[PDB]
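Below: the structure, in structure tokens.
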Amino acid sequence: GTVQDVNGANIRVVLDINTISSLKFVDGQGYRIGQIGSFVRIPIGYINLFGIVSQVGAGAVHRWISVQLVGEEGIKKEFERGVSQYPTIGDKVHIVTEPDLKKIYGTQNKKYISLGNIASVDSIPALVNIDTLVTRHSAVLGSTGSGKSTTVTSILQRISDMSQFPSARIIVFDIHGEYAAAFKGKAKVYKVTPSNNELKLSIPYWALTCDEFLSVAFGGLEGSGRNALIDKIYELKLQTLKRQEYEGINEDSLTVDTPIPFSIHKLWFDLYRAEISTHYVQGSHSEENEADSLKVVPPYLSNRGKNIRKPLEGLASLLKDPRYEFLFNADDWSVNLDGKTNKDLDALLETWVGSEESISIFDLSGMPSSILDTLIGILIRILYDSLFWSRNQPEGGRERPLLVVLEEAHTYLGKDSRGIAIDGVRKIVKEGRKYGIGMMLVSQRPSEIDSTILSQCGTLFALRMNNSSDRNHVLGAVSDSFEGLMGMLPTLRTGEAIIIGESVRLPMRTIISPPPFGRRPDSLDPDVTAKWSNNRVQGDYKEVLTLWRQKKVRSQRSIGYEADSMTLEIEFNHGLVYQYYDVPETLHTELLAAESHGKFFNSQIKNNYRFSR
Amino acid sequence: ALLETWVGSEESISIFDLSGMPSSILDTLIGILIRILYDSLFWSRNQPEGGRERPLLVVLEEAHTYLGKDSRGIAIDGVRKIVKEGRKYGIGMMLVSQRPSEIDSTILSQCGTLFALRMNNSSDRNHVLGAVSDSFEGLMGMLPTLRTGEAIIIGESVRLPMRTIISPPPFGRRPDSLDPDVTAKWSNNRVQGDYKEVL
Amino acid sequence: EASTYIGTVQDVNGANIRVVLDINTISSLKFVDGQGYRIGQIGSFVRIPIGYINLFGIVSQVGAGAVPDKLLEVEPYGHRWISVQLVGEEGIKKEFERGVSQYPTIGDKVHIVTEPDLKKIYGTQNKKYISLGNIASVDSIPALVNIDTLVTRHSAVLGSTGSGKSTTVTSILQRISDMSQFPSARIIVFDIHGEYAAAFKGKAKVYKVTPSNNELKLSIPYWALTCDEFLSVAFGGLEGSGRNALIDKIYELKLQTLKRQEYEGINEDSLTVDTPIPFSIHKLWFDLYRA
Amino acid sequence: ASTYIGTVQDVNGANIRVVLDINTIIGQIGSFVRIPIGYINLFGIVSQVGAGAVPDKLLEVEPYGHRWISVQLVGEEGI
């Protein structure tokens, strides 16, 4: 293989070896003839001019290949981009063997972290500086069938070594709640209604800006109702300042965006009493002429009735909805009738971004899809403001690297998305470069994401992408295009990835090293065949009707037991809890003496007694 | 009793026949049916009657008149809610249509598996191609020339996109709407009428 | 050369191989131990063995559309090129998995796929998969489709009205709800034209609106409705204070029936307007029309 | 010379479309530009930058090409 052409940025070769083409082995290691993913090397005197193969066959004119120049070495220094002299006819082009690849893939910086093994040989590491991965941006694009959860979780877990990253801080905005099993004990879990070991996510609504309050609670008031709400909010803030003294807060500089709690249940009670009750004496609308607040029940007609009866009714309905419990009924931030809570927002911030762990998992799985975009925007803005307004102290984002991952972002970061979350993401991308806040996008349909926002991401994680629209859209956002790496996209095995960006010295199509056994992300989906294979047993829909009327998921009813309660209990893996009823205690006593902990359970207790998961 | 009759009977399949119902309110009442089923299977998920224990499959026939681009009905909201949430409450979905260019693109794009039969016009084929994430040019180029009964199963429920021949049902079990036979009725000899009874 | 041999790789573009059909033309049968397979059909598969493992691919273009640029200028009368798109590969006797490992090089051998290899590709040992049909090429191979993910992920059936989509849907529902293998199937069908009742003679419950002989009667109680949809169905969407008056009177009737009849877990404190509690509609109309 | 941006490629009276030459590796929305024609100078204010200034045909021809800016002429300084 001797180069016989120089065409700017693509040389062409004419091999003279008759039929070598059989894994030409040098020094006991078998290198191959010019393949798709191989590297080239054209020696010119003393410096080594290297290259990467892009296309093989008649597309270069068979004995012609389409080689692409990338870089060359100086005086035995290192792998450098920018060649000194493109080779000419007469010199034989050699290949980059395993030690030469190690030298090319070797780095002297200890900040570089080995993320896996090259697909070519399973020994050479992918030295990746994690400063670039957290500080600039990230993006994960590929098909769902390529195993995105596995690779993402492996990257997150390797990034979060206690010995290697003692000052890590990772927030994953998983929507499906599929990462609970991924890091069972290494990350906190925040849901709406946790069960055993997860904390309960709570959002104080008074800590958000006025516009967010109008959008989520008021439903988008803009006329007289919005201005009345502004008046009520200002008056309530002044009353809260007067009733309880807040450091740095007085009646002089009470701003609209002041994160000081104000009565909202009492506000609804006032907005209902001003438009419901009837004045005892006509001509006057006195408060003594009546002809609870925490409770949503409200007690000539009153002349102060508003025209926001529908928004008030919507607010009252939201106050009773169980899905708004984490919205308006925070445990430590439960606003009393006089606007008094047991704790403050600093406690919330400390609980969120100050835990003893390195990774914290916040899950919005149970959130209603009605205002989810506003909730995401509120969370992102709260994090950014908390770590920017306190960025001068060593507790800010600058002294504590923060990396927020957003999954399935093509629905919230679309080309025509006009929500509040996209504004916050743009603000982060445009400001946090100095504030040290990272962002990583996860999606399985890259063709919908905005081009410019994706173009602002530093490093990409390319998985298998069969459809060509996704390939075109991804190529539209990468500025270092090598046809050897550009065309290998749709034939990636489930687990491999292409990492391109500032986090790698050379574009590495490496293998995402699988996470250790026992930590494999998987949502707890039902098994169709297992559920549908069991025989038909009698059912009791009266309990279902009672639960539906009561709107309660709690029924009225390790091998534990209670002979008085006659409820044998067997526990499965992953924290599942079962309560088998109508089980005589002798059966469970025999089961405890049966084998060890199984068999007997499926033999008799599985499909003979009503259970409860 | 109503819930047990609907989704608790000894027979596996329940068929709701909405042919005789008024056409002006069909969308709304379908919306209420969806809402009732979703709430019943959601608030009792921990019970043995809940979805997480026994899966429930929802089949919507002629979905192109209800899931339009700018539909203002109630059934579209329920369908979107099912599509975006029911993965955890054990409630499925299955859209049967004959005009994919009318179905909302976002709703169609989230369907797990597609069964592309013979498709004649070009707009529907373009929409289907734009609403699939596993595209093989050879397979997708054969759509307008599929035999009566063939199918192209594409999605996450199969190892590869594949051109199958669906097994025919046993004889005597074939769908058939008992619409009037115009030729047979019109071929009959005319008889003297009596419109007093009609009045 | 050995049988099951087609041509030679002469180009590579990452995931788009261009292959040359060999000189032994006019045959177009290529008999392989009995049955013969037409060479270079659109839907056919090919196999490219590299040393120890095999690479599979699906044909996409045949003829002048697959030949590269310079060859047409050299000779426009020769169109014996095909365009193969990679799909997956077969490991060391383990199974067939998607995603390639090492791409082929120029001069490699491409091989036609024989029916045993098609069985090896489309055959799997997983017990979740169930058979729905046969492949178009040969009817021996069964069409194995996952059932749990099909129900839970989502589904769709798209096709023309003349393609018999109703029969396919009926067959799919019958196969899914087989009593021998799935005795706990639960399927709800919102038939609109009422054409599925004949398919399931005695295997399903039919809820018509005007039952005649043996079908049940559909019935939607009005009190199970919420307030907004009930108003939309009945009153056509009032927007004035009449909506408030109707809501208030419905609340009064619900309170009265709560006083008359006891309900578990429901009191004057935990009762909303949309609570599924029966209430008289005739009394509502009579009061609001006498007033 | 220095302070060079590119050349104009479309004139619709008062809506000038400019290609930002090459080697850009910047002109904001509110920034000013100068177009010297012969002896006098023409000043303008950038109107839109990005895909909007891309012509209708080029939008389909090249959707990911961001090298066009739209300039609206404002004033002129004489001799």
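Each chain in the structure tokens gets a letter, A, B and so on, in the order shown; residues start at 1 in every chain, and ligands are counted from 1 in the order they appear.
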- Interface, chain B side, toward chain A (8 Å; only C-alpha atoms) as an MDAnalysis selection string: chainID B and resid 1 3:4 8 39:40 43:50 52:55 81 87:88 90 133:135 156
- Residue neighbourhood range 19-23 of chain B, 7 Å, only C-alpha atoms, exclusion window fewer than 4 positions, as a PyMOL selection string: chain C and resi 192-194+209
Next, the residues of the selection above should be written as a PDB file, in the first residue's frame with N, CA, C and O atoms.
ATOM      1  N   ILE C 192     -66.967   0.362  15.907  1.00  0.00           N
ATOM      2  CA  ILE C 192     -67.761   1.504  15.477  1.00  0.00           C
ATOM      3  C   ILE C 192     -68.810   1.093  14.451  1.00  0.00           C
ATOM      4  O   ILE C 192     -69.984   1.440  14.578  1.00  0.00           O
ATOM      5  N   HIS C 193     -68.404   0.345  13.431  1.00  0.00           N
ATOM      6  CA  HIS C 193     -69.332  -0.123  12.411  1.00  0.00           C
ATOM      7  C   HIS C 193     -70.013  -1.432  12.782  1.00  0.00           C
ATOM      8  O   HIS C 193     -70.901  -1.877  12.048  1.00  0.00           O
ATOM      9  N   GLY C 194     -69.629  -2.048  13.895  1.00  0.00           N
ATOM     10  CA  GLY C 194     -70.267  -3.282  14.322  1.00  0.00           C
ATOM     11  C   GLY C 194     -70.058  -4.444  13.379  1.00  0.00           C
ATOM     12  O   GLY C 194     -71.010  -5.175  13.076  1.00  0.00           O
ATOM     13  N   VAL C 209     -76.994  -1.693  21.236  1.00  0.00           N
ATOM     14  CA  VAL C 209     -77.854  -0.654  21.790  1.00  0.00           C
ATOM     15  C   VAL C 209     -79.300  -1.115  21.678  1.00  0.00           C
ATOM     16  O   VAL C 209     -80.146  -0.764  22.509  1.00  0.00           O
TER      17      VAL C 209
END
Check which residues of chain A sit at most 9 Å from chain C using only C-alpha atoms, and return one row each with the closest pair of atoms and their distance in Å to one decimal, ordered by chain and rising number, as a tab-separated table.
residue	atom	partner	partner_atom	distance
A:21	CA	C:105	CA	8.8
A:33	CA	C:105	CA	8.1
A:34	CA	C:105	CA	7.7
A:35	CA	C:105	CA	6.0
A:36	CA	C:103	CA	6.3
A:37	CA	C:103	CA	8.0
A:54	CA	C:13	CA	7.7
A:55	CA	C:13	CA	5.6
A:56	CA	C:12	CA	5.4
A:57	CA	C:11	CA	4.2
A:58	CA	C:11	CA	5.6
A:59	CA	C:11	CA	6.3
A:61	CA	C:70	CA	7.8
A:62	CA	C:10	CA	7.4
A:63	CA	C:106	CA	8.5
A:119	CA	C:101	CA	7.8
A:120	CA	C:102	CA	8.4
A:146	CA	C:99	CA	8.5
A:295	CA	C:269	CA	8.5
A:297	CA	C:269	CA	7.8
A:317	CA	C:272	CA	8.6
A:320	CA	C:272	CA	8.8
A:464	CA	C:99	CA	7.8
A:483	CA	C:14	CA	7.5
A:484	CA	C:14	CA	6.5
A:485	CA	C:14	CA	7.9
A:486	CA	C:14	CA	7.6
A:487	CA	C:14	CA	4.1
A:488	CA	C:14	CA	4.7
A:489	CA	C:15	CA	7.8
A:490	CA	C:15	CA	6.7
A:491	CA	C:99	CA	4.5
A:492	CA	C:99	CA	4.3
A:493	CA	C:99	CA	3.5
A:494	CA	C:99	CA	6.5
A:496	CA	C:99	CA	8.8
A:525	CA	C:152	CA	8.5
A:526	CA	C:148	CA	8.2
A:527	CA	C:148	CA	6.3
A:528	CA	C:148	CA	4.0
A:529	CA	C:128	CA	6.1
A:530	CA	C:128	CA	8.8
A:531	CA	C:184	CA	8.0
A:532	CA	C:184	CA	5.2
A:533	CA	C:182	CA	5.1
A:534	CA	C:184	CA	6.7
A:535	CA	C:183	CA	5.7
A:536	CA	C:184	CA	5.6
A:537	CA	C:184	CA	8.8
A:546	CA	C:264	CA	7.8
A:549	CA	C:276	CA	6.9
A:550	CA	C:265	CA	5.9
Can I get the selected residues back with C-alpha atoms, as a compact mmCIF listing (two decimals), in the first residue's frame?
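Below you can see result-v4.txt, which holds the result:
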# COMPACT_ATOMS: atom_id res chain seq x y z
CA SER A 21 -5.30 -9.40 2.34
CA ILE A 33 -5.46 -4.71 5.40
CA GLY A 34 -7.08 -1.30 5.15
CA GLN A 35 -10.49 -1.71 6.79
CA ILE A 36 -13.29 0.74 7.53
CA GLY A 37 -12.23 1.51 11.11
CA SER A 54 -13.03 6.22 5.15
CA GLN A 55 -14.08 4.23 2.06
CA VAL A 56 -12.70 1.08 0.42
CA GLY A 57 -13.21 -0.16 -3.14
CA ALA A 58 -14.10 1.38 -6.50
CA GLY A 59 -15.38 4.52 -4.77
CA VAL A 61 -10.95 5.17 -8.39
CA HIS A 62 -9.57 -2.64 -7.60
CA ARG A 63 -6.68 -1.45 -5.43
CA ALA A 119 -13.69 -2.03 19.45
CA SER A 120 -10.52 -2.85 17.49
CA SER A 146 -28.94 0.07 21.12
CA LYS A 295 -60.57 23.50 54.31
CA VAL A 297 -65.32 24.47 51.82
CA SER A 317 -60.17 21.63 42.52
CA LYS A 320 -58.14 18.74 46.57
CA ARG A 464 -26.96 2.88 16.45
CA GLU A 483 -16.58 8.91 6.74
CA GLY A 484 -15.06 5.94 8.57
CA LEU A 485 -16.95 7.11 11.66
CA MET A 486 -19.80 8.85 9.80
CA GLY A 487 -20.98 5.70 8.01
CA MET A 488 -20.62 3.11 10.79
CA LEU A 489 -23.63 4.52 12.65
CA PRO A 490 -26.45 2.10 11.65
CA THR A 491 -24.49 -1.12 12.34
CA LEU A 492 -23.57 -0.66 16.00
CA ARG A 493 -23.98 -3.61 18.34
CA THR A 494 -26.14 -3.23 21.43
CA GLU A 496 -21.13 -0.03 21.58
CA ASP A 525 -42.61 -3.29 33.64
CA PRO A 526 -45.17 -6.10 33.97
CA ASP A 527 -44.50 -9.47 32.32
CA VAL A 528 -47.23 -10.08 29.74
CA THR A 529 -46.78 -13.84 29.36
CA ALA A 530 -46.32 -14.48 33.09
CA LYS A 531 -49.43 -12.47 34.01
CA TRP A 532 -51.56 -13.92 31.20
CA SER A 533 -50.43 -17.53 31.69
CA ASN A 534 -52.08 -18.11 35.09
CA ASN A 535 -55.49 -19.75 35.25
CA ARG A 536 -58.63 -17.70 35.90
CA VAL A 537 -59.49 -17.17 39.57
CA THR A 546 -64.66 1.11 47.07
CA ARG A 549 -64.98 5.98 45.23
CA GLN A 550 -62.56 6.71 48.08
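Within the 6 Å cut-off around residue 396 in chain A, using only C-alpha atoms and omitting residues fewer than 4 positions from it on the same chain, the listed residues are residues 387, 390 and 391 of chain A.
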- Message: Quick check: residues of chain A within 9 Å of chain D, only C-alpha atoms, returned as JSON, numbers by chain.
- Response: {"A": [451, 473, 476, 477]}
- Query: Leaving out range 178-188 of chain A and any residue of its chain fewer than 6 positions from it, which residues lie within 7 Å of it when counting only C-alpha atoms, given as a PyMOL selection string?
  - Reply: chain A and resi 153+198+357+359-361+519-523
Once you have the residues from the selection above, write them out as a tab-separated table (two decimals), in the first residue's frame, restricted to C-alpha atoms.
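So selection_9.tsv came out as:
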chain	number	residue	atom	x	y	z
A	153	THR	CA	-25.72	4.46	33.60
A	198	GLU	CA	-37.21	7.13	48.81
A	357	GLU	CA	-24.10	11.04	48.18
A	359	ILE	CA	-25.46	11.22	42.58
A	360	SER	CA	-29.05	12.19	43.41
A	361	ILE	CA	-31.94	10.81	41.34
A	519	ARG	CA	-26.59	-2.52	38.60
A	520	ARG	CA	-28.39	-2.65	35.25
A	521	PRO	CA	-31.05	0.04	34.68
A	522	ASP	CA	-34.51	-1.39	34.05
A	523	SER	CA	-37.99	-0.07	34.75
- Please identify all polymer residues within 12 Å of residue 74 in chain B, counting only C-alpha atoms, omitting same-chain residues fewer than 4 positions from it, and present them as a ChimeraX atom specification. /B:25-35,66-68,70,78-81 /C:228-229,232-233
Selected residues written out, N, CA, C and O atoms, as a compact mmCIF listing (two decimals), in the first residue's frame:
# COMPACT_ATOMS: atom_id res chain seq x y z
N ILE B 25 -72.42 12.70 19.19
CA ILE B 25 -71.84 12.64 20.52
C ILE B 25 -70.90 11.46 20.70
O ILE B 25 -70.50 11.16 21.82
N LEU B 26 -70.54 10.78 19.61
CA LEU B 26 -69.72 9.57 19.73
C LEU B 26 -68.35 9.88 20.32
O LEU B 26 -67.87 9.16 21.20
N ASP B 27 -67.72 10.96 19.87
CA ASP B 27 -66.39 11.33 20.36
C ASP B 27 -66.42 11.55 21.87
O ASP B 27 -65.58 11.03 22.61
N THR B 28 -67.41 12.32 22.34
CA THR B 28 -67.49 12.62 23.77
C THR B 28 -67.65 11.35 24.59
O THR B 28 -66.85 11.07 25.48
N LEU B 29 -68.65 10.53 24.25
CA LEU B 29 -68.93 9.34 25.05
C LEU B 29 -67.77 8.35 25.01
O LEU B 29 -67.51 7.67 26.01
N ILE B 30 -67.05 8.28 23.89
CA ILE B 30 -65.82 7.48 23.88
C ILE B 30 -64.81 8.07 24.85
O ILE B 30 -64.10 7.33 25.55
N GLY B 31 -64.74 9.40 24.93
CA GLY B 31 -63.86 10.03 25.91
C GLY B 31 -64.21 9.64 27.34
O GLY B 31 -63.32 9.33 28.14
N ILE B 32 -65.50 9.66 27.67
CA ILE B 32 -65.91 9.25 29.01
C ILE B 32 -65.60 7.78 29.26
O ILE B 32 -65.19 7.40 30.36
N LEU B 33 -65.81 6.92 28.26
CA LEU B 33 -65.49 5.51 28.45
C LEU B 33 -64.00 5.33 28.75
O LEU B 33 -63.63 4.59 29.68
N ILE B 34 -63.15 6.01 27.99
CA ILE B 34 -61.71 5.95 28.23
C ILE B 34 -61.37 6.46 29.63
O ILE B 34 -60.57 5.85 30.35
N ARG B 35 -61.96 7.59 30.02
CA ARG B 35 -61.67 8.15 31.34
C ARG B 35 -62.09 7.21 32.46
O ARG B 35 -61.36 7.03 33.44
N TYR B 66 -61.01 10.74 14.97
CA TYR B 66 -60.99 11.24 16.34
C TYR B 66 -59.65 11.83 16.75
O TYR B 66 -59.63 12.72 17.61
N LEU B 67 -58.55 11.38 16.16
CA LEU B 67 -57.21 11.80 16.55
C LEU B 67 -56.61 12.77 15.53
O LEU B 67 -55.42 12.69 15.21
N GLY B 68 -57.42 13.68 15.01
CA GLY B 68 -56.95 14.61 14.00
C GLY B 68 -55.88 15.55 14.53
O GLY B 68 -55.51 15.55 15.70
N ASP B 70 -55.92 18.86 14.85
CA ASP B 70 -56.43 19.89 15.74
C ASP B 70 -57.79 19.50 16.31
O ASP B 70 -58.71 20.32 16.40
N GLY B 78 -57.83 11.59 26.25
CA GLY B 78 -57.71 10.31 26.92
C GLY B 78 -56.73 9.38 26.22
O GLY B 78 -55.95 8.67 26.87
N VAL B 79 -56.75 9.37 24.88
CA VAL B 79 -55.82 8.53 24.14
C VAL B 79 -54.38 8.99 24.38
O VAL B 79 -53.48 8.17 24.58
N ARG B 80 -54.15 10.30 24.36
CA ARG B 80 -52.81 10.81 24.64
C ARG B 80 -52.37 10.46 26.05
O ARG B 80 -51.21 10.09 26.28
N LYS B 81 -53.28 10.58 27.02
CA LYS B 81 -52.94 10.23 28.40
C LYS B 81 -52.56 8.76 28.51
O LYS B 81 -51.56 8.41 29.16
N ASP C 228 -68.34 18.52 33.90
CA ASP C 228 -68.09 19.21 32.64
C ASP C 228 -68.59 18.39 31.45
O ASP C 228 -69.28 18.93 30.57
N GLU C 229 -68.27 17.10 31.41
CA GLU C 229 -68.72 16.28 30.29
C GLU C 229 -70.23 16.07 30.32
O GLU C 229 -70.86 15.98 29.26
N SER C 232 -71.59 19.17 28.81
CA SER C 232 -71.35 19.16 27.37
C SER C 232 -72.32 18.24 26.65
O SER C 232 -72.84 18.59 25.58
N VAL C 233 -72.58 17.06 27.21
CA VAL C 233 -73.48 16.11 26.57
C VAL C 233 -74.91 16.62 26.60
O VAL C 233 -75.62 16.58 25.59
What are the nearest atom pairs, with distances in Å to one decimal, for all residues of chain C that come at most 6 Å from chain B, using only C-alpha atoms, set out by chain and rising residue number as JSON lines?
{"residue": "C:60", "atom": "CA", "partner": "B:138", "partner_atom": "CA", "distance": 4.2}
{"residue": "C:133", "atom": "CA", "partner": "B:166", "partner_atom": "CA", "distance": 4.7}
{"residue": "C:134", "atom": "CA", "partner": "B:165", "partner_atom": "CA", "distance": 5.3}
{"residue": "C:135", "atom": "CA", "partner": "B:164", "partner_atom": "CA", "distance": 4.6}
{"residue": "C:136", "atom": "CA", "partner": "B:164", "partner_atom": "CA", "distance": 5.6}
{"residue": "C:145", "atom": "CA", "partner": "B:158", "partner_atom": "CA", "distance": 5.2}
{"residue": "C:146", "atom": "CA", "partner": "B:157", "partner_atom": "CA", "distance": 4.8}
{"residue": "C:149", "atom": "CA", "partner": "B:157", "partner_atom": "CA", "distance": 5.7}
{"residue": "C:150", "atom": "CA", "partner": "B:157", "partner_atom": "CA", "distance": 5.5}
{"residue": "C:151", "atom": "CA", "partner": "B:92", "partner_atom": "CA", "distance": 5.5}
{"residue": "C:152", "atom": "CA", "partner": "B:92", "partner_atom": "CA", "distance": 5.2}
{"residue": "C:153", "atom": "CA", "partner": "B:112", "partner_atom": "CA", "distance": 5.2}
{"residue": "C:154", "atom": "CA", "partner": "B:112", "partner_atom": "CA", "distance": 4.3}
{"residue": "C:155", "atom": "CA", "partner": "B:113", "partner_atom": "CA", "distance": 4.7}
{"residue": "C:156", "atom": "CA", "partner": "B:95", "partner_atom": "CA", "distance": 4.6}
{"residue": "C:157", "atom": "CA", "partner": "B:115", "partner_atom": "CA", "distance": 4.7}
{"residue": "C:158", "atom": "CA", "partner": "B:116", "partner_atom": "CA", "distance": 5.2}
{"residue": "C:159", "atom": "CA", "partner": "B:117", "partner_atom": "CA", "distance": 4.4}
{"residue": "C:160", "atom": "CA", "partner": "B:98", "partner_atom": "CA", "distance": 5.3}
{"residue": "C:163", "atom": "CA", "partner": "B:148", "partner_atom": "CA", "distance": 5.1}
{"residue": "C:171", "atom": "CA", "partner": "B:169", "partner_atom": "CA", "distance": 5.3}
{"residue": "C:185", "atom": "CA", "partner": "B:12", "partner_atom": "CA", "distance": 5.1}
{"residue": "C:186", "atom": "CA", "partner": "B:12", "partner_atom": "CA", "distance": 5.0}
{"residue": "C:187", "atom": "CA", "partner": "B:57", "partner_atom": "CA", "distance": 4.8}
{"residue": "C:188", "atom": "CA", "partner": "B:58", "partner_atom": "CA", "distance": 5.1}
{"residue": "C:189", "atom": "CA", "partner": "B:59", "partner_atom": "CA", "distance": 4.8}
{"residue": "C:190", "atom": "CA", "partner": "B:16", "partner_atom": "CA", "distance": 5.0}
{"residue": "C:191", "atom": "CA", "partner": "B:17", "partner_atom": "CA", "distance": 5.2}
{"residue": "C:192", "atom": "CA", "partner": "B:18", "partner_atom": "CA", "distance": 5.1}
{"residue": "C:193", "atom": "CA", "partner": "B:19", "partner_atom": "CA", "distance": 5.2}
{"residue": "C:194", "atom": "CA", "partner": "B:17", "partner_atom": "CA", "distance": 5.3}
{"residue": "C:195", "atom": "CA", "partner": "B:177", "partner_atom": "CA", "distance": 4.0}
{"residue": "C:196", "atom": "CA", "partner": "B:175", "partner_atom": "CA", "distance": 4.9}
{"residue": "C:198", "atom": "CA", "partner": "B:175", "partner_atom": "CA", "distance": 5.6}
{"residue": "C:199", "atom": "CA", "partner": "B:173", "partner_atom": "CA", "distance": 4.3}
{"residue": "C:204", "atom": "CA", "partner": "B:13", "partner_atom": "CA", "distance": 4.9}
{"residue": "C:205", "atom": "CA", "partner": "B:14", "partner_atom": "CA", "distance": 5.0}
{"residue": "C:206", "atom": "CA", "partner": "B:15", "partner_atom": "CA", "distance": 5.0}
{"residue": "C:207", "atom": "CA", "partner": "B:16", "partner_atom": "CA", "distance": 5.2}
{"residue": "C:208", "atom": "CA", "partner": "B:17", "partner_atom": "CA", "distance": 5.0}
- Task: Take CA of residue 17 in chain D and CA of residue 70 in chain D and report the distance between them in Å, one decimal.
- Result: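 One can read the CA of residue 17 in chain D to CA of residue 70 in chain D distance as 4.6 Å.
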- Task: Name all residues at most 10 Å from residue 65 in chain C (count only C-alpha atoms; drop same-chain ones fewer than 2 positions away) and give them as a PyMOL selection string.
- Result: chain C and resi 60-63+67-69+79+81-83
- Residues within 6 Å of residue 43 in chain D, only C-alpha atoms, excluding chain neighbours under 4 positions, as a PyMOL selection string: chain D and resi 33-34+75-76
- Query: range 33-281 of chain C: which residues are strand (DSSP E or B) by DSSP, as a VMD selection string?
  - Reply: chain C and resid 36 45 to 50 53 to 62 81 to 90 96 to 98 100 109 to 112 130 to 135 142 to 145 156 to 158 187 to 191 204 to 208 216 to 217
Residues from last step as file, C-alpha atoms, as a compact mmCIF listing (two decimals), in the first residue's frame:
# COMPACT_ATOMS: atom_id res chain seq x y z
CA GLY C 36 -33.41 -22.58 -6.78
CA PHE C 45 -31.02 -11.55 2.17
CA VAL C 46 -27.30 -12.11 1.60
CA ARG C 47 -24.48 -13.43 3.77
CA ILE C 48 -20.86 -12.26 3.80
CA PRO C 49 -18.57 -14.64 5.75
CA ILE C 50 -15.48 -12.99 7.22
CA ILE C 53 -18.41 -15.04 11.64
CA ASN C 54 -20.98 -14.11 9.01
CA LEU C 55 -22.43 -10.72 8.09
CA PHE C 56 -26.04 -10.51 6.91
CA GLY C 57 -27.67 -7.83 4.81
CA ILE C 58 -30.83 -6.98 2.90
CA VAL C 59 -30.92 -5.95 -0.75
CA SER C 60 -32.30 -2.47 -1.39
CA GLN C 61 -31.49 -1.51 -5.00
CA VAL C 62 -30.87 -3.64 -8.09
CA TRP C 81 -24.62 -4.33 -9.49
CA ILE C 82 -26.75 -4.59 -6.35
CA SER C 83 -26.93 -2.42 -3.23
CA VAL C 84 -26.80 -4.40 0.03
CA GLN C 85 -27.62 -2.69 3.33
CA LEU C 86 -26.25 -4.29 6.49
CA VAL C 87 -28.63 -5.56 9.17
CA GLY C 88 -26.77 -7.78 11.62
CA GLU C 89 -24.28 -10.58 12.10
CA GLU C 90 -24.04 -14.10 13.51
CA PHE C 96 -28.11 -13.74 15.65
CA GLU C 97 -27.71 -10.26 17.14
CA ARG C 98 -28.13 -6.82 15.63
CA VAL C 100 -21.96 -5.46 13.22
CA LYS C 109 -17.19 -13.31 -0.93
CA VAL C 110 -20.95 -12.73 -0.76
CA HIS C 111 -23.25 -15.73 -0.36
CA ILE C 112 -26.96 -16.31 -0.88
CA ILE C 130 -45.74 -16.37 19.69
CA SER C 131 -46.41 -17.34 16.08
CA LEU C 132 -48.67 -15.09 14.01
CA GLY C 133 -47.95 -16.35 10.49
CA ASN C 134 -45.33 -17.40 7.98
CA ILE C 135 -42.69 -15.60 5.93
CA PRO C 142 -43.16 -19.22 11.56
CA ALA C 143 -43.52 -15.51 12.27
CA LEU C 144 -42.55 -15.14 15.94
CA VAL C 145 -43.69 -11.86 17.52
CA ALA C 156 -51.11 0.04 15.46
CA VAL C 157 -52.70 -1.44 12.34
CA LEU C 158 -52.48 0.75 9.23
CA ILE C 187 -59.35 -7.23 25.65
CA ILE C 188 -61.76 -4.33 25.07
CA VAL C 189 -62.84 -3.48 21.52
CA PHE C 190 -64.53 -0.19 20.58
CA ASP C 191 -66.18 -1.38 17.39
CA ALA C 204 -67.14 -12.82 23.38
CA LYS C 205 -69.77 -10.61 24.99
CA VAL C 206 -71.48 -8.16 22.63
CA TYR C 207 -73.02 -4.92 23.93
CA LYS C 208 -75.35 -3.48 21.30
CA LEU C 216 -76.47 -7.69 26.05
CA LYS C 217 -77.50 -4.03 26.27
- Mind the document's chain letters and residue numbers, and return as a ChimeraX atom specification the residues of range 37-279 of chain C that DSSP labels alpha helix (DSSP H). /C:69-74,115-122,148-152,165-176,227-234,241-260
- Task: Would you mind reading off the distance between CA of residue 9 in chain A and CA of residue 30 in chain A, one decimal, in Å?
- Result: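 According to the coordinates, CA of residue 9 in chain A and CA of residue 30 in chain A are separated by 28.5 Å.
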